[PDB]
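We just call them A, B, C, D, E, F, G, H, I and J in the order they show up, numbering each chain from 1.
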Amino acid sequence: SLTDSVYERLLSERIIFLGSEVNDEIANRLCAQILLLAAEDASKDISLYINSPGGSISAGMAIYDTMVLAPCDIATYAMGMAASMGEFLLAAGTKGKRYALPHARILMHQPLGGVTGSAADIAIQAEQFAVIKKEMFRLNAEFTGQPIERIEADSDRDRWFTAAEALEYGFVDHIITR
Amino acid sequence: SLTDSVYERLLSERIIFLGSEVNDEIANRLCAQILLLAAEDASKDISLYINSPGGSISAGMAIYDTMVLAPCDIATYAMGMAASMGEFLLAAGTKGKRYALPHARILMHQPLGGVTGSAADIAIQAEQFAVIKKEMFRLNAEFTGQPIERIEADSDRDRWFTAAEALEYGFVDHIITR
Amino acid sequence: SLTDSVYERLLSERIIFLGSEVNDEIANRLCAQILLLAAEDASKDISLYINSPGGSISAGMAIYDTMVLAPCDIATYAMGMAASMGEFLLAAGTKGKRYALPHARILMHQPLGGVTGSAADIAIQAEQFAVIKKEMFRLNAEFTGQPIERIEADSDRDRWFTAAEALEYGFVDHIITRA
Amino acid sequence: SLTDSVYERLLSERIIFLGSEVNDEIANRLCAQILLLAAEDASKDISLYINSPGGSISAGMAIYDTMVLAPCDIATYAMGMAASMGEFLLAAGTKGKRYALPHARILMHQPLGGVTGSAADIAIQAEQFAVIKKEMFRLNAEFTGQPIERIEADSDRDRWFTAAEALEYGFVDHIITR
Amino acid sequence: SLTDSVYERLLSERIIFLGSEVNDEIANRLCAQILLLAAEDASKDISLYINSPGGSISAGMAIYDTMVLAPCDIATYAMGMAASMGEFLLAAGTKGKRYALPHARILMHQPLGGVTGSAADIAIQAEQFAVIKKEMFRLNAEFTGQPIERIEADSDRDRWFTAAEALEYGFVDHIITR
Amino acid sequence: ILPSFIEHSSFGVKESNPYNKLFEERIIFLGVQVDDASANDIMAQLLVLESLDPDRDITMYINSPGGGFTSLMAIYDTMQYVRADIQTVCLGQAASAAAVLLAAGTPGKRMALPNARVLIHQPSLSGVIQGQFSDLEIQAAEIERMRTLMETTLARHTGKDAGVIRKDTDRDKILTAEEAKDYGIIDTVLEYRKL
Amino acid sequence: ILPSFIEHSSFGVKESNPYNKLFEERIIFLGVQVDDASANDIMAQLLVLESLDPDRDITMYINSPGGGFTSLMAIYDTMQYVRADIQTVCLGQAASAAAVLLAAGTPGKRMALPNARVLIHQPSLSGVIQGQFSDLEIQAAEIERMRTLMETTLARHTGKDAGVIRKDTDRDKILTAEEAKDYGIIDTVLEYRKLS
Amino acid sequence: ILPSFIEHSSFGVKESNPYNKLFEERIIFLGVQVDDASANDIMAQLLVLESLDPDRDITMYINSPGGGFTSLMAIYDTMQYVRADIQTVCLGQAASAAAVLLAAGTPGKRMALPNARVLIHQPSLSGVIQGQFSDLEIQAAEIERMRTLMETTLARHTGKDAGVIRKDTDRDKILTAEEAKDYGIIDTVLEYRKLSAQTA
Amino acid sequence: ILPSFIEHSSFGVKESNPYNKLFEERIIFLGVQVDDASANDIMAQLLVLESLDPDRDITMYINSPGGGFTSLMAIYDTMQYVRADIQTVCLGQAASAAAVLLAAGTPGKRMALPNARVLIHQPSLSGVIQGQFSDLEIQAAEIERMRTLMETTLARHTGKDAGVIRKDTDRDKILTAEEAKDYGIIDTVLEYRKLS
Amino acid sequence: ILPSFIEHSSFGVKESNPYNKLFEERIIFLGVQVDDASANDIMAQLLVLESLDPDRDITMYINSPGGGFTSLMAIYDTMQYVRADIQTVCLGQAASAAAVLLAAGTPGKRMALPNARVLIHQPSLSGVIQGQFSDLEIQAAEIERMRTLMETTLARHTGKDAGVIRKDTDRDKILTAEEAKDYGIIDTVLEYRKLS
């Protein structure tokens, strides 16, 4: 399949794409690809191109953990847009090898979700939000080098970064040019 | 097909995925895969990566029985999310070889369902709920090492576990870090 | 196709699945598979794994007759769930070679259906229900070893069986196990 | 697949198409293609045929950055229609090697979009519009050679160019004929 | 794919079909095919069978320019129906090598479209209609050999031609009987 | 749009519809499909008219494509039950259930206009009743009863044999006003009274 | 379309419906399906008729395919509760819930027209109630109660044993007017009063 | 279909409904689901009845499957607020919110017909509230408040401990009229007043 | 279902609703969501009441989940504009726009029942406004104005600082009747008047 | 829900709405979107009021988000045409078409409440008009005429130059009541007239 074939050929060059909304489905494929590439050559870098509007945290953490546990380094390229989980994963790239393309946009914000059931059920959901909010912030703080308080504050509502700004905030190590 | 091809290559490495809602359809394929892998090499481990929100008990038990009856060991990895049947199946992995990825979430709760017909029909459904509730608890108790009374109590409503907490509850043997 | 490919490889190991609602479509494929396997090696067993909620009687009887007419034996495994037609087909496996997985559930009940049309048309449909109900019971009685009167009575409404109970009732010959 | 097979054969001739609305999906595939072609032969030109009504800026900037960062030159052909992002990408082709087919139409205009949410959320979106509007104009200015004030003014509403007019405006270097 | 395979085999015989509504998608594929064929053998004719109800002008002009710019000749066969853009493209075949099948019907008429937006936006659309109407008439005049005044007049509403009439009007050079 | 009008008198001045003026004259109009809702309305009108004057005749104008069997029987029982004689008049069509009703008027008093049309047929169930066989067999039984009750009660009023009705209604049976008289469904065919 | 008419008198001249005229004569019509809405209307009518004249009889005309259980009981309680005697008359069908109501008229005063039809059956739930098992077990329990309450209150009024009712209603049970009398659901079957 | 009728008197002749005749006798009917619309209608009726005669009792007939929490509280506050005593009478069902209202009548004057049914349960939200976590946390908080306010106000009227209510309502709790009386939700269970069975 | 009733007097006998009786007593009911339609109805009622008797007080009963900003301001302007004093009474909820209105009653005369609830929050736009950026920037601007106007006019009536309102409303802010009094949205919290 | 009320007098006792009472006082309410239906209702009201008393003033209360152009003009022509002076009062919003109407009241008599809002913009067509180019060109033409007619008639009533209007309305133009006065759309801004 022409698109599949094109990605395939890139895949064999150790280049993977996160080009869409982050689902369980997309996550699983990515996680499989990182597993497969590590198992092939455990020494060479993997390049993760990211152009995603964000998505499922659960699904995003699958990718993140898979990244972290990989033996080889994982280089991350922000192309076009790296939003929300997309930003998180971009910033989770191995330090020194996180790149932004010059006109890419990065979007950091706090989690969204929903609340459903009995008051008891909701009490539980809420409790979990706390846990998650906290943890996601803790990690972005770690990635960026910013203090958790600034991550909390800045993440309160949509926070946009140009490649330039993203570099100075610490989402990214370099900006690519030529 | 690029995704199929990628899973295929992992499949030949004795790696299988439970990456979605647990249907009859998904369950069957998994059961087939475990059957096929056992029949190939009955001595080598199977690795079962789980990123699932839960699903059909009936379908889940097909997977569980297939796991148990397999000659070879079945290693279970909780990645991203192992919820409900997902948690169950994770915890059902061969003891010692049950892993959680560090930012995976585990969710334990009691069965949900529906009630449909004549009062007589419903009386019957209800009777079945009793049997099933009891049994699913009995088994989670067995897997975890907890007393059935605590499994009942904790399972009453959504019960969330971090990888850390899941280790100390007994859903999982190890947490991976490397 | 990854799932197709996986089933294929199992098919060549003489393993077939009834993993869904029983339609004409699903039935036909199964029937074709049993035909093909018999034609390949007419002496070796066929293994029929069943995880189905039930389905069309017409379509189910295609599978049943195809099973019975096969030269080779047909082993049946109840996995996860064998309900209604699923239970019937399970119990229709060649005697001695009918298995249940330990946490499989078996469901026996009487036929459901529908009635429509002119009073005359309905009179006919009804007559047919009698014939079918009778026959399906006769056969489950034969499979299980129970008396038709008990099959009628127990089948009146949803009747649930654990692997254990299914063994004693006669749907199944063995329960499988390891450790 | 007959269409896939036909594009494939062109792809191996270093010819790519932007023949539709510019999505994340279309953008990613184009970016992959430019990546793959550069990696194959880093010296030979790439020909980018454009017949598009426009699309996502984010997605378009992925293509644009991917174009700029490519080692090899990127020739751009406007066929049938190059509108909005389509025009932008056309005009972004490497200087000297930007072509229009004689009856192609070029359309330049300012960004469109949407506003939703809380007044605070909207304040933010608005801020972003300013940034983006500015930048897109800056770039079109650069491409065309026009002053940013004229790009602003002319872009205020739909601005239609024949091949002839586009040449004199500076979207394009040549018009092709025989 | 049986249909794909059949067209493929014809494609290798330098035979192409315009067998539907003229979209960006269809146009692109045709343009690619003409490009590919020219690049294969730049001397041999291409045969363009047309059975189309018409379509997008923009898209049609992509095909037209691609036809004109091709090194080789382009023979056009009107089969069943050549309407609107379909008639235009038929008539745009290289002079002398434009054919009608004996019971084919040809339909000439003026452009259809739509108007929306602010009064200012509409003013612009309208201006553009003028430009386009004029040029499409100019070109049909050129193809047929008729005066633009008659093309304008005849095109005002649906104008139907039998193969016979189409020959005398100048849409077509020959009628095929054999 | 259905006009109303006013009636002069020495006593006072009253507003009424055609349907009300009709009812004032002991005429009940059966024009819709005999759904459970409409049937109650008919029964109530019947019962009320009896209560208002038990000796005077009630007349029932029928132009109905038919309707529910359960309703048919309820209306019928009410028609027969009230003290007053019932005069049935088919104006356009009396189909299905409506046919039985037409037929069920008091003997001597069943009529139709000349190009009226009477259609009889056995009970159908369009749409499907779903269920366990045990439930469906009970249902089927109840439907055979319903069928034979239609045949019984038509037989009673037409002077035909129940078995003959069953034969004639196995399939649809269309009757002109004349034919309907012959069949024993109406007594007389109205002739026009024009001057 | 339901006509209205006018009634002469020396006192004045009044406009009324058939349904109103029926109500003026202490007759309440139970013709729709017994939804929560209709039930309130029936109760209110009952309560009002009692308030207007507690000694005189209330009559209840029944042609209903049945209805909600929660509503059934409420209507029932109101029927029994008011000071006045209740006369129940099945015209057409008294099915499901409507059957119990028919049965629940004051003894001696329960009637049906001859081709009337009474159907009894146990409570069904078409549509599905979704939930955690804990919730569903509570629900199921409540439904068993509801069921056995239907059987209790029929048993009370029919003179039958509760367990017998349960046997007979396990599946649908259809009764002719005669059969219904035998069963103890009605007291008398109305004979036609035609003068001819 | 709901009939109207006419009432004779030496003063004049008036047309009314059952619902109007009921209201004329200071009876307010609570029969729908307690949506924001219906609640206003109930409050207005209560307020008006008070304004018409502050000393005489208001009776509230209840057969309601329940309803909105925000509405529940408004109705409640109005019930308690007006000068007049409130008599609550459960005719069929008083579920959810309707249960609290039933319970919230003036002590001594809370009733139910014998096969009436009272159901209490904690507040649910069917359907989903979507949002940023910050918004949701606020929401959740407000819901815990709403929950504990239901428990408080039931406790007040039943004589039970708030914590006990919470336990008993964690899941659905169904009460017969008798059970409801025991629970302290109604005071008396109405016995039938039929004149014929009065010989017992 | 909303009953009507009749009022005796030596002058004559009149029919009315609860809502009409309420209006007769200079009470306007604000119970729906403040859509453009309803707002006109409120303004008209206010204007009419002033015209009927400019010295006597108008009272506004509020149980509303909120509503349109353009409407909020119109109603507000009208409330303030009429000669008569405005008494605001929150009965259940006064959310969003309704809150501002509650607050905007004449000082001294703003009330709530004890379990009433007041919610304030900044203006949202669910649903999307589509457009060219030039059009959207104009729009956004107008929304910032609208926001700061809400904050101004609350500040005016609560005695709080505009900037403080903005901080407090950045996210949703829920107030009990007591809290609402503290916040300066209402003056008094009504105590029950039960004779017992 | 919109209450009605009754008016005492020595002559007799009459029932009315707020909207009727308003109309009784020669006030026409323009509150919906100016669709073809509503426009006819406004014209008829205007015409009827003139017929009833041609010397006394008619007042028009405006809170409208705008509406159809063809309707705008009709209403406008009728406003200007009738003998009586027209007083226009913007209560909330007067947007689009409504803005022109507000402006088109008789000079001296055009008003707004202080937080009222006036929005002007050129004619839009959301939704698409489909057609042959010949048809579309005729259409486009007519729409330029319609546009320039809006600009002419505003110019007439604001004292501004038509070309200036065009420039100012090329994009949306939002006006506070004060700004609207400066722009020449209203004459005075109503001050609140409350006793405290």
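The criterion applied here is as follows: a contact is a pair of C-beta atoms (placed from the backbone, for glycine too) under 8 Å apart; a residue touches a chain by one contact, two chains touch by 3 or more.
According to UniProt, the chain labels map to these proteins: A, B, C, D, E = ATP-dependent Clp protease proteolytic subunit 1; F, G, H, I, J = ATP-dependent Clp protease proteolytic subunit 2.
Undergrad: Hey, which pair has more contacts between C-betas, D-I or H-I?
TA: Between the chain pairs D-I and H-I, H-I carries more contacts.
Undergrad: Express in whole angstrom the distance between the two chain centres, defined as the mean CA positions of subunit A and subunit G.
TA: From the centre of subunit A to the centre of subunit G is 66 Å.
Undergrad: What is the distance, in whole Å, between the centres of subunit A and subunit H, each centre taken as the mean of its C-alpha atoms?
TA: 53
Undergrad: Could you put a whole-Å number on the gap between the CA centroids of subunit C and subunit J?
TA: The answer is 76 Å.
Undergrad: Could you pull out the residues of subunit G that touch at least 2 other chains?
TA: 19, 22, 29, 31-32, 134, 139
Undergrad: Would you please write down the residue numbers of subunit D that are in contact with two or more other chains?
TA: If we look for residues of subunit D contacting two or more partner chains, we find 1, 7, 120, 125, 157.
Undergrad: Please list each pair of chains that are touching.
TA: A-B, A-D, A-H, B-C, B-G, C-F, D-E, D-I, E-J, F-G, G-H, H-I, I-J
Undergrad: Within the complex, which stretch of subunit I touches subunit J?
TA: Subunit I residues touching subunit J: 12, 14, 17, 19-20, 22-24, 29, 31-32, 36-37, 39-41, 43-45, 47-48, 51, 55, 70-71, 73-78, 80-85, 106, 134-135, 138-139, 142, 149, 153.
Undergrad: Taking the complex as given, what residues does subunit H use to touch subunit A?
TA: 121-125, 128-134, 136-137, 139-141, 143-144, 146-147, 170
Undergrad: Over in the complex, which subunit E residues touch subunit J? Could you list them?
TA: 109-120, 122-123, 125-126, 129-130, 132-133, 156-157
Undergrad: Using the touch rule from the top, collect the residues of subunit E that touch subunit D in their complex.
TA: Within the complex, subunit E touches subunit D at residues 1, 4, 7-8, 11, 24-25, 27-29, 31-33, 35-36, 39, 58-66, 68-69, 71, 120-121, 124-125, 127-128, 131, 135.
Undergrad: Note which residues of subunit J are touching subunit I in the complex, please.
TA: 1-6, 13, 18-19, 21-22, 25, 29, 31-32, 61, 63, 65, 91-93, 113-117, 171-172, 174, 190, 192-196
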